[PDB]
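Structure record follows, encoded as structure tokens.
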Amino acid sequence: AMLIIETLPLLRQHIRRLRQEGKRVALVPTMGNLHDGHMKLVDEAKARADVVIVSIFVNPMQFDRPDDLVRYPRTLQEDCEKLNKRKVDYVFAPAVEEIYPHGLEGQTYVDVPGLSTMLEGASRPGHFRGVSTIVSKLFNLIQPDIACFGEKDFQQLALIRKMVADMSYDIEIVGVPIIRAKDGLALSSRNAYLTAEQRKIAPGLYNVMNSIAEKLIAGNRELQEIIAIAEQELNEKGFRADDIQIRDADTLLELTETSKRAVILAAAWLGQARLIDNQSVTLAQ
Amino acid sequence: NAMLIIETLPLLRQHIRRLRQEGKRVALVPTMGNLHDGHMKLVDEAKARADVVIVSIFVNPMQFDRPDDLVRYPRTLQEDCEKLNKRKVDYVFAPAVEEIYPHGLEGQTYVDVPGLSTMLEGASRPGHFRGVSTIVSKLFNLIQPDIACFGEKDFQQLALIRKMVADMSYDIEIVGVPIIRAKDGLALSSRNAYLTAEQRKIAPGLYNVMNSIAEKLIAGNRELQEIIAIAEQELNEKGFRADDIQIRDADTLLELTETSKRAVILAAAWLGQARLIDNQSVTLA
């Protein structure tokens, strides 16, 4: 029987008991309005710990603009339905005034430099600060052994990993691979404007990406060439290449002699639909 | 039983893991070295509140190394340790910079407490308190103490750390340790050497006047402007020349309000060639 807690003191009480009981704990952090993606996360956490705690918190701090916030879906009941079905032990679902009793102005924050202002960060001051601050608070609160994040937010995942190192959190950060169709296509909302014919072609993006992985994992380092080949391969299948990038998976900067992991980002158009995907890959030890 | 001194994070990590699974109750005293009897009092308090006492010695480059007026000769790491071995401490953590910040400060994740870090002492030292909260948060995650001791003298630091503990949801008891005082009340201080013998008979009046204020406060008297005015009378008529007497919220370092819970009384007064200085915390009933 799943337990639903909304205040810091109650939860902490349980966190204390769970220690004395010697149970290994996994946290899956979320902002509610859950679906299949999150369920996979939950499976992954259940597989690696004795107890799974899921948090549901729409976190004002990471919201770039005040409108977006107001219009974020809240669906506590169905969220709990899905988590209860999945045999989740604890749901932590506090109100804003429990986490931020006095608003965001004087709130202690945690910032990861560089990672937080590059790429998506540059257009979104404060967003990633919001992400690292709340995860940080959640970590101190729950003290999990393991935490799960989806691989789709490759930047969030790198944010957190860099935080955990720098701030010395003894927590295992587990990147969970996205749900794909049997043919490779990232399952997503965008897959609606795909005509039966474009759907057949769609999986081309993930193949093109895997061809890049193959080349990189072996010792291929002619990056520009690699990328250009990829642009062309996509155009030929019928896409129109929007963007293709290869970066260091930990720093999000350019690959160097010293990178151990690469992340492959690609976006390309199919008729009037713009598919995006990504893939992480191990180049060294 | 023999005191252990650890230079490295992984060795530290190992003992820490071991301490948790023995469920030994752990106390932390973080310091920048150059130890004196002041710190020993912290150690004493920690010993009294915990099974195991850890002291950390680390000259943290993210903060400003403000000088202690009680210290007149610098210390050796071995000296600091000898002190600690006597005072019955279990572990000393003493890493090099490259160990704590193996890649420098540039990309180091930081914890920042708004307002408290930029006011008073912090206005004139950009980045100082940000270095304090960061290293302390990092020590917190690495060590996971149940309690942590800070001295009441550096009161801004103590508020800054309390605010961080609340905001970031650390399950740590922050124990503010009152200053060492002569038998008669007078704060120990280099300044004392500036009194004459006759002025030393009067010096204890500064503590006295301060208790008068505390009692008043504890007794719900919020007429501050005049509480202070009386204290000035009282000191000037004792032979002092009151310079600066203040009462603030100990957690905000701003004014008392209907909701303040703790107050700090801050006082300076001339006696002879000596500008005596003292502070005192008050718990609001």
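All positions are counted from 1 along the displayed chain.
The backbone N, Cα and C atoms fix where each Cβ goes, and this holds for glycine too.
Feature annotation from Swiss-Prot assigns active site, proton donor to B:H39. Around the Cβ of B:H39 (active site, proton donor), the same chain contributes B:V29, B:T31, B:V55, B:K83, B:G151, each under 8 angstroms and 6 or more positions distant in sequence.
Annotated ATP binding site per Swiss-Prot: B:32-39, B:151-154, B:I180, B:188-191, in sequence order, evidence recorded as sequence analysis. Summarising the environment of B:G38 (ATP binding site), the number of other Cβ atoms within 10 Å of its Cβ, over all protein chains shown, is 17.
If you take the C-beta of B:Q63 ((R)-pantoate binding site) and look for same-chain residues 6 or more apart in sequence within under 8 angstroms, you find B:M32, B:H128, B:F129, B:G131, B:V132, B:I135. Marked as (R)-pantoate binding site by Swiss-Prot on the basis of sequence analysis: B:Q63, B:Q157.
Marked as beta-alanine binding site by Swiss-Prot: B:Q63.
All protein chains included, B:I180 (ATP binding site) registers 16 other Cβ atoms within 10 Å of its own Cβ. Each of the binding-site residues B:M32, B:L35 was scored by the other Cβ atoms within 10 Å of its Cβ; the lowest score goes to B:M32. Proximity of B:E152 (ATP binding site) to non-local residues of its own chain (separation of 6 or more, Cβ distance below 8 Å) is seen for B:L158, B:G176, B:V177, B:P178, B:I179, B:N279, B:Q280, B:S281, given in sequence order. Fewest Cβ neighbours within 10 Å among the binding-site residues B:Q157, B:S190: that distinction goes to B:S190.
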